[PDB]
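# As they sit in the full assembly, here are the leading chains:
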Amino acid sequence: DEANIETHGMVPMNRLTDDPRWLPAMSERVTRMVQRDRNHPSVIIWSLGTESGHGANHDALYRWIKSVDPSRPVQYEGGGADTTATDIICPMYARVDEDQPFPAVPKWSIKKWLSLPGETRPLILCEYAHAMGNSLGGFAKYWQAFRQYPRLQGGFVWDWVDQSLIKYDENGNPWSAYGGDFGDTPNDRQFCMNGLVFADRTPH
């Protein structure tokens, strides 16, 4: 269960989440979620949101959940996927054997990530195997690793269903539309379609 918080477009990404002025707004998105869904057994992990960098507000809210509901681990990928605000190493698109040493927030090979000096947490990708169009190449490599490494406990494919929308031609025939087809601009065209199934749930 994930809080409705994402400030991806900010520069840097944690500009708001590290600002105490936004702590109240963020806290409500976290605390009200917990108060609402804390009795559902299906919910086994709480998430502070996504792509909002790592701000002090995250640390405060991470602790609030740990204090209010100890029965569920708390995770958050922002700021490097292994910050002090997450109980689980939850990278997005970190590869199996290849490192992507980006400055500040590198994406280490998941196998290498587990044994970095002093690291002991389990690793579960919150996003991996981007299923955009003709994709999922190398998917088998992730599962061989998941099965061989005890602490590599899986991940969440990105994602389930294409976010395409229906439009109609002059004859009333419907067609699948993506970014920009509604005169919307700027737009990121087909990047909204990353699913394993088509919008009508027909499988890719």
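Nice, thanks for sending it over. Numbering: from 1, shown residues only, chains lettered A, B, ... in the order given.
# how about the helices of chain A, start to end?
With DSSP state H, the ranges of helices along chain A come out as A:23-37, A:56-68, A:110-114, A:139-148.
# export those helices to CSV and tack on distance to residue A:82 and mean neighbour count?
The way it works is simple: take the backbone N, C-alpha and C, and place the C-beta from them, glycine included. As requested, the helices of chain A are exported to CSV (distance: least, CB to CB, whole Å; neighbours: other CB atoms under 10 Å):
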stretch, distance to residue A:82, mean neighbour count
helix A:23-37, 20, 15
helix A:56-68, 13, 18
helix A:110-114, 7, 19
helix A:139-148, 18, 13
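# I'd like those laid out as JSON lines, including distance to residue A:90.
Formatted as JSON lines, the entries for these read as follows, by distance: least, CB to CB, whole Å:
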{"stretch": "helix A:23-37", "distance to residue A:90": "17"}
{"stretch": "helix A:56-68", "distance to residue A:90": "13"}
{"stretch": "helix A:110-114", "distance to residue A:90": "11"}
{"stretch": "helix A:139-148", "distance to residue A:90": "14"}
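# So for residue A:83, which of those sits nearest?
Closest to residue A:83 of the helices of chain A is helix A:56-68 (CB to CB; 7.6 Å).
# can you give me the strands for chain A?
Remark: strands assigned in chain A by DSSP state E are A:46-47, A:74-75, A:123-128, A:152-157, A:165-168, A:174-177.
# that older thread, out of the helices of chain A, which gets nearest to residue A:168?
Nearest to residue A:168 among the helices of chain A is helix A:139-148; the distance by CB to CB comes to 35.2 Å.
# helices and strands around the closest one, which ones?
Judged by 3 or more CB pairs under 8 Å, 6 or more residues apart in numbering; DSSP states H and E, helix A:139-148 is in contact with strand A:152-157.
# The strand it packs on pairs with which strands?
Each strand that strand A:152-157 pairs with, and the sense of that pairing, follows from DSSP bridges: strand A:123-128 (parallel).
# and the strands of chain A as TSV, adding mean neighbour count and distance to residue A:137?
Formatted as TSV, the strands of chain A follow (neighbours: other CB atoms under 10 Å; distance: least, CB to CB, whole Å):
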stretch	mean neighbour count	distance to residue A:137
strand A:46-47	24	28
strand A:74-75	22	27
strand A:123-128	22	13
strand A:152-157	17	13
strand A:165-168	12	27
strand A:174-177	13	23
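# can you slot in chain B too:
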Amino acid sequence: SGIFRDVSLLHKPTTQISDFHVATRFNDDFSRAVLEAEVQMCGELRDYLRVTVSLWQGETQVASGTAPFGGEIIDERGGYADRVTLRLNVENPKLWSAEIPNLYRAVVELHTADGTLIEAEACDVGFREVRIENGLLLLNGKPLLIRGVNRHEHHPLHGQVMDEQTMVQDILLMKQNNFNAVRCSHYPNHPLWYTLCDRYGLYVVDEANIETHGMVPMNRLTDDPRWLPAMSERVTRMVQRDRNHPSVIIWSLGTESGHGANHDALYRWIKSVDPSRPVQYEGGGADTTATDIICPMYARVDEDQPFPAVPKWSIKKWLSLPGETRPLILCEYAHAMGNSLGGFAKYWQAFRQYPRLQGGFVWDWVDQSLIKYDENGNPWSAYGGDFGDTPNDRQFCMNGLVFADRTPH
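Chain B, in position alongside the others:
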């Protein structure tokens, strides 16, 4: 068998230096060091006795300390009247490493209050700190990458007798081929070996002469308290002999003797007597309670070998097993028997990518072949069984990177 090592006569005074330990501790950035030297004596105790430990860097005396015998109070019965600890401060010490083997000379003088010398002992001193922190083996605060090799004391003509020329030839070839460490497989070496490693610069794993591979199970003796005495002497007498050599950075409890209670006892003994060096031992699974380092033999890079009780996990997988945090250094890998070393590059790619994978020691340095001569008097290389010896294990004694005569494979 036989008297395969040097024999000599040593004359010592009645009142003598019976033992001395040198230690070097540092501050956070190694900009300052303290050389601590514990000295013991035998003979009659007298107030006029003194010990002076002086540290030299070339012909320049950098530090010196003098004090009468009588250690600090230790327990309800006092202290050691026959011991004294000198402590010397050393600013900006030149650090020792296999890269730059900086050495100082420590001179231990036993003398009277006004300067009459009774006798003097000394050793080469290498200022270096070896420690494991956050899962990494650190040398002077930096994570090592062991480019090691196992080296038996072998000579095609002289057998197991070691000479300076041969030792020097090996060290030069090792360094010329980018090796920075050696393992005394599987016993304390000829004393000159350590002196050469100290001066030329090689990291050394000093190993007790203990191997019971042929027992069934392998720990039948090492887990038997009845064999604790024999085992303890091979470990303790080794530490007492080589503890002042800077090249020795790790103690080994032996090899292929399974894991028994005796190993646990001796592991603790070393940890208590010499906290300056990590202790390792591969028996019983390479990651038992008797080793500070995960030190498997022939564990593969990506492929697991799930043997029961003592599995050899892929080294990358071994590091992150739940609860594991220790560094991993193979005490043996890349068995170089005959046309071999295929897949060697896979190990080094992993060593470089994973911080906690800090290398290993190749098996091994030189073929254990021996020279025999034909009816025409011409020499040829022989192996298992060529001397009538039986049972024997044939060519299995030749696993080196170089031929017995040191010609490279």
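# so, what packs on helix A:139-148 revisited with chain B in the model?
Of the remaining helices and strands, those touching helix A:139-148 by 3 or more CB pairs under 8 Å, 6 or more residues apart in numbering or on different chains; DSSP states H and E are strand A:152-157.
# Quick one: distance of the strand it packs on to the chain centre.
Relative to the centre of its chain, strand A:152-157 is centred 12 Å away, using CA atoms, centre = their mean, to the nearest Å.
# quick one, it and helix A:139-148 angle?
Between the axis of strand A:152-157 and that of helix A:139-148 there is an angle of 150 degrees, by axes from the mean of the first three to the mean of the last three CA atoms, to 10 degrees.
# For chain A, which residues are neighbours of chain B?
When proximity is defined as CB under 8 Å from any CB of the partner chain, chain A approaches chain B at A:99, A:109, A:111-112, A:114-118, A:120, A:148-151.
# What is the end-to-end distance of stretch A:154-164?
For stretch A:154-164, the first and last residues are 28 Å from each other (CA to CA, to the nearest Å).
# meant to ask about stretch A:167-185
17 Å.
# ok, the closest residue in space to residue A:45 that isn't next to it in sequence - how many residues close by?
Spatially, and ignoring its direct neighbours in sequence, residue A:45 is nearest to residue A:73 (5.3 Å; CB to CB, 6 or more residues apart in numbering or on different chains). Look at residue A:73: counted by other CB atoms under 10 Å in any protein chain shown, it has 17 neighbours.
# dump the residue contacts of residue A:73.
Applying CB atoms under 8 Å, 6 or more residues apart in numbering or on different chains to residue A:73 gives the contacts A:44, A:45, A:46, A:87, A:88.
# now with 10 Å?
Counting by CB atoms under 10 Å, 6 or more residues apart in numbering or on different chains, residue A:73 makes contact with A:44, A:45, A:46, A:47, A:65, A:66, A:86, A:87, A:88, A:121, A:122, A:124.
# which of those lies closest to residue A:136?
Sorting the contacts of residue A:73 by how near they are to residue A:136, with CB to CB, puts residue A:124 at the top with 18.5 Å.
# any idea how far that closest one lies from residue A:77?
As judged by CB to CB, to the nearest Å, residue A:124 and residue A:77 stand 11 Å apart.
# overlap in contacts of these two?
With contacts taken as CB under 10 Å, 6+ apart, the residues that reach both residue A:124 and residue A:77 are A:88, A:89, A:90, A:91.
# from these, which would you call buried?
Burial of the shared contacts of residue A:124 and residue A:77 was assessed by neighbour count (16 or more other CB atoms under 10 Å in any protein chain shown); the buried members are A:88, A:89, A:90, A:91.
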